[PDB]
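Reviewing the structure listed below.
Throughout, read-outs are computed from the coordinates displayed, never taken from laboratory work. In this analysis, Cβ positions are derived from the backbone assuming ideal geometry, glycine residues included, and neighbour counts consider all displayed protein chains.
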Amino acid sequence: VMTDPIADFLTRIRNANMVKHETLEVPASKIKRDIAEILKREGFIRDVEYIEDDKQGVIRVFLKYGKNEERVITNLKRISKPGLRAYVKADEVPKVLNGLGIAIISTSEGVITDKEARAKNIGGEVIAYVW
Amino acid sequence: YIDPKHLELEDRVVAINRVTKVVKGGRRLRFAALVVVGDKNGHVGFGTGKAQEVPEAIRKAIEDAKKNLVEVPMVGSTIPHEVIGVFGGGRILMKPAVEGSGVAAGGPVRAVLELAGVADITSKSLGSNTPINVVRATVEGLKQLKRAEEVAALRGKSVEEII
Amino acid sequence: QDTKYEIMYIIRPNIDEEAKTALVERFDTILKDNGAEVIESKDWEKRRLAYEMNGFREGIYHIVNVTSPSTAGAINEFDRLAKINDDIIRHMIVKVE
Amino acid sequence: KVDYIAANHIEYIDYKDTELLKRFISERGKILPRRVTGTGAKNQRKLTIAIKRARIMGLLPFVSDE
Amino acid sequence: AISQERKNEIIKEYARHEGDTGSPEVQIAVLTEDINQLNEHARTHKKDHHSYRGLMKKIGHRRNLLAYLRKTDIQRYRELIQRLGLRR
Amino acid sequence: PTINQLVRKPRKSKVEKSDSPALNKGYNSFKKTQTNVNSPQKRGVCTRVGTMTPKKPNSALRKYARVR
RNA sequence: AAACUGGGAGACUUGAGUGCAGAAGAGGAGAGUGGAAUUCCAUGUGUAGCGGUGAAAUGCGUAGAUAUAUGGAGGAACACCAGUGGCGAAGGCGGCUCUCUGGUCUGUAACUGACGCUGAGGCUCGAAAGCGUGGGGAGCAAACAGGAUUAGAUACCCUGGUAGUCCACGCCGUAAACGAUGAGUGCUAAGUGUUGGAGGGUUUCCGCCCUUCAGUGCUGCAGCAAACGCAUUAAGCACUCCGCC
């Protein structure tokens, strides 16, 4: 049975990225929509459109490719897992790939990037690394 | 692409190997050579060749070694970020280092690293130590190094926005 | 509901034409006394056989058509009486649908 | 090669119509495969039960030489 | 094993509203009828190990639905388990 | 393992042993023999002397003693 | 402070179950029954061999063998069908009829409203051989006897032959018990066979084309692997829980 919908979302993105085609659909959720917006703001996704009929979903993602069809996201990783949770303090916020990648952190004032958190000096649960 | 072999290149032997083939009667013996090639400015290639004597072998290997070359980016004598290169049972981790610290790296990987002009870097081999596969894994890990400009170009951003 | 069967037996060839009626009526009765609604009973044909059964190479075929609830002790009574007779040679009881 | 039980739309087999059954047995009495007769997978199961039923009730020979 | 008239006979008295085939009352009552009949069959045919598997799986299903009913409404639970005659 | 299996039953490593075990000794004077007192050397009295022949493929007569 | 994990009051239908309408099957337990063949028995005809091997011999036979014809008695296994077919959690399950009974698949959209997954300790089942009590005993056959072969042959080969192999009830609890591949769930090119269903078209389509569920095989891409290889039935990409090095 499904136990980690955030990990399922991340693996859909990675699986459809590696085979290099240009759409993807998932059942919706308040957290996945948050990280879809964060993925859109930084430049990994091209767009995101919200359909909704009679159950939770859905969310459509439009991937993005280089000028010679090379990939802008190269991998993607789930950090906190149901079974071993990872909490970070305001001075422990991580810097993935020397700033060339982002981390995603949930705090008392939103689900935000790792820059926006070490500018506010808070910490929380660590969702993912995307580099 | 092809970095074409038209430069000032300082080669280096990394290994040799007495290799046989049993035939009717007795035994044949050749010599296999492993060589690196570079200019200590950021272009490094490896190549191997075999012959019946050691000079002929090392020659054919430098011949082979020059046909391949990699770009090896860096940001002031230090690799841009941290990579792990894996190729068939050889795992090699590489980290950015501090200014004037040197190269702390093992036998095969330090040849590769020094002939590309790397000055300050730390390494470790979490794998097997067969020279060929160590060299191949190291080159496999340099190819993952990303420039700061290219990332800013691929995304819709500028630099000094993501650093 | 009920279940439907088809009983098919083989009478001895060399009997007369009154013991035959006696036998047919006898088994109709002893089917019905246990709550087995008989709904057809006919003669079929006189045939020779593809091998001799006891010493006989002909026999007269008779078929009946009967329903009953699946638990009634009727259709086993037919078996228990038929394998001890002297004019019947074989029988096959079979669920019909 | 067409399934002759599908030629007509025949629903029941009845193990009694030894005229229909007699075309699925060889010239010695043995059952013929699903290939040499081109019938289906389940009609073959029904036909086999039919002729096994027939042989017991003395409508059909087990072996036939004498 | 129960017929299709016994089944509707006993789901027309543990229903709550009309059209009520769900509702863990209905399910544990019908499962109880099944487990009784299968216990009879096992006593008669006690080396039918392949039907005992199904018996045990029915028992597991009923115990699970009972746990659910209890954890959400104790009143319905007590009233049922009085009405149906179990909880030894 | 899952980290729940690890929490139920932790990791255990191997135990190392010397190759000079008769050099962690204890007296036999008042009660018994005590093992805490790792020594660099011990002394004794030789109860025999002589020679012996080595393994394969060496060849000699190597001098030795037995000591209490 | 209030995003996430935990607690409390609610609400929902996609997971999970139930109802209604259908389908396939060597799934299991009990009780009867059929034909082919082997053995022994009875009777007729019948003359000197039969049987067996790389060659022979032991064995059976002129108290009439083998062969051949007709009749009886008993036991065990089910030819053709039969198929990389079907069913079962595994061990396993093949003649036929009836009685009692477990699970799976497909459509629908009445219903309940997260009732789910995994599972240390514990229980249940578990090929063959073996053990106990009482039956049965045709063929085969450890042990054993006799004949051969060899340097020897407490073997392989031939003639015999006891437990056992079979039934009822108890015990045992192990196998290369194997796909040497734990269970649940989602995602990731294509091509081609076959088993059981459901839809649309042309419509004697009931034989053909297309779509779609669940099984079962072959080839092959990304990716993985130390190579062999695996590849929507993963040994790929990921999360949960157990067993083990």
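Details
- Some residue of segment B:105-117 being in contact with an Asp or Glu (Cβ under 7 Å, 6 or more places away or on another chain), farther than 23 Å from residue B:76 by Cα and assigned to a loop (DSSP other than H, G, I, E, B): no
- Residues in segment B:17-57 that are within 30 Å of residue B:144 (Cβ to Cβ) and of a type in the set (A, V, I, L, M): B:32, B:33, B:34, B:35, B:36, B:37, B:44.
- Single unsatisfied condition, residue A:56 versus (1) under 17 Å from the mean Cα position of the chain (by Cα); (2) of a type outside the set (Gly, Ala, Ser); (3) more than 16 Å from residue A:10 (Cα to Cα): (1)
- Residues (in a helix (DSSP H, G or I), within 9 Å of another protein chain (Cβ to nearest Cβ) and not aliphatic (A, V, I, L, M)) located in segment D:46-66: D:53, D:55
- Screening E:36, E:64, E:8 for residues that are of a type in the set (S, T, N, Q), more than 14 Å from chain C (Cβ to nearest Cβ) and more than 7 Å from RNA strand G (Cβ to nearest atom) leaves exactly one candidate, E:36.
- Condition met for residue C:52 (of a type in the set (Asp, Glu), in contact with a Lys or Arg (Cβ under 6 Å, 6 or more places away or on another chain) and within 13 Å of chain D (Cβ to nearest Cβ)): no
- Residues that are more than 20 Å from residue A:79 (Cα to Cα) and hydroxyl-bearing (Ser, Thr, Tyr) within segment A:1-42 comprise just one, A:23.
- Some residue of segment A:32-48 being over 21 Å from residue A:94 (Cβ atoms), over 12 Å from the mean Cα position of the chain (by Cα) and within 14 Å of RNA strand G (Cβ to nearest atom): no
- Number of the exception - residue B:133 against (1) more than 16 Å from RNA strand G (Cβ to nearest atom); (2) assigned to a helix (DSSP H, G or I): (1)
- When residue C:15 is tested against (1) within 23 Å of residue D:15 (Cβ to Cβ); (2) surrounded by fewer than 16 Cβ atoms within 10 Å (Cβ to Cβ); (3) more than 14 Å from every other protein chain (Cβ to nearest Cβ), exactly one condition is not met: (1).
- Verdict on residue E:44 being of a type in the set (S, T, N, Q) and either more than 6 Å from RNA strand G (Cβ to nearest atom) or touching a residue at least 24 places away in the same chain (Cβ under 8 Å) (or both): yes
- Extreme residue, farthest from RNA strand G (Cβ to nearest atom), among residues of segment D:15-66 that are charged (D, E, K, R) and more than 22 Å from residue D:1 (Cα to Cα): D:17
- Yes/no for residue B:146 being within 14 Å of chain A (Cβ to nearest Cβ) and touching a strand residue (DSSP E or B) at 6+ places or on another chain (Cβ under 8 Å): no
- Unique match (being within 14 Å of chain A (Cβ to nearest Cβ) and outside any strand (DSSP E or B)) among B:74, B:94: B:74
- Segment A:27-53, subset of a type in the set (A, V, I, L, M) and farther than 21 Å from residue A:131 by Cβ, residue surrounded by the fewest Cβ atoms within 10 Å (Cβ to Cβ): A:51
- When the residues of segment C:73-94 are filtered to those that are assigned to a loop (DSSP other than H, G, I, E, B) and more than 9 Å from RNA strand G (Cβ to nearest atom), the one that is nearest to residue C:32 (Cα to Cα) is C:74.
- Matching residues, segment C:23-45, being outside any loop (DSSP other than H, G, I, E, B) and surrounded by fewer than 11 Cβ atoms within 10 Å (Cβ to Cβ): C:29, C:39, C:40, C:42, C:45
- Residues of segment C:46-72 that turn out to be without any contact (Cβ under 8 Å) to a residue 60 or more places away in the chain, in a strand (DSSP E or B) and surrounded by 18 or more Cβ atoms within 10 Å (Cβ to Cβ), as a count: 5
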